[PDB]
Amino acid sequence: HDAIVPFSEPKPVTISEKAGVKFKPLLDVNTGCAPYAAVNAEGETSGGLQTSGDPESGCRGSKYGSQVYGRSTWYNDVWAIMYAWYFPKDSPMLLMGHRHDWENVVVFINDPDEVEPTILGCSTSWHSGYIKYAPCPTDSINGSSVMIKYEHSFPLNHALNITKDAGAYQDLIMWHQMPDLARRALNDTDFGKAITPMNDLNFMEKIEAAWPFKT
């Protein structure tokens, strides 16, 4: 329980690293787990938590701090950045819920190599699909940080959506900055009902599913 030590956020050097840090979302959590690190540098992964009668018990926050995962690519001449969070359980009241949970938002900007790139759209994970916004509404943008809420509405489990309430930042690690042992684990580990969204199997399919523009 709470054994995984997160990666530190390295000081950004490349275009994509700098943009990754610049456009980190704010995450506000409502009645669920705080985000936890899913994997460590040695490739061990979180065991999650069994479902129980309280949505937050055991997962109010790691003694090691939190993590947010990032991965980016050009797609259809727009720059797409995925931010993903891992939670040890998703266990709402009245619902069966499950061990493990992965959520993500995809932020779309015009070009990462501008002094002030423009957010063009944003898509928030919703039970394997997305809620798509084009444009990303201004009231949910805090500087260059989209404001995201993790919450549940009966009769479905937790999901993400934009919000006007400012949350908090987590230490960001980008896919390429994790050691090969960690990427191997994120590529291969079975999280049951939760699917790791930025690993090599799923990332491009997810970016395509997240495309919010009326093309």
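Position 1 is the first residue in the sequence shown; the rest follow in order.
Give the stretch, out of 162-170 and 36-44, with the larger mean C-alpha temperature factor in the deposited entry. Result: 162-170.
Could you settle it for me: does 171-179 or 54-62 have the higher average Cα B factor in the PDB entry? Looking at the recorded C-alpha B-factors, 54-62 comes out higher on average.
Per the coordinate record, which of the options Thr124, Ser140, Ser72, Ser91 holds the highest CA temperature factor? Result of the comparison over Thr124, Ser140, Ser72, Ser91: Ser91.
When the deposited Cα B-factors of this chain's modelled residues are ordered and cut into thirds, is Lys193 in the lowest, the middle or the highest one? For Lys193, whose C-alpha B-factor we compare with every modelled residue in the chain, the answer is the middle third.
By the recorded C-alpha temperature factor, relative to the other modelled residues in its chain, which third is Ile148 in? Lowest third of the chain for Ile148's C-alpha B-factor.
Entry-reported Cα temperature factor of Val29, expressed as the chain third it lands in: Its C-alpha B-factor, which the entry lists for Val29, ranks in the highest third among residues of this chain.
Could you say whether, by C-alpha temperature factor, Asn76 belongs to the lowest, middle or highest third of its chain? For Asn76, whose C-alpha B-factor we compare with every modelled residue in the chain, the answer is the highest third.
Which third of the chain does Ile109 land in by C-alpha B-factor: lowest, middle or highest? Answer is middle: the recorded C-alpha B-factor places it there.
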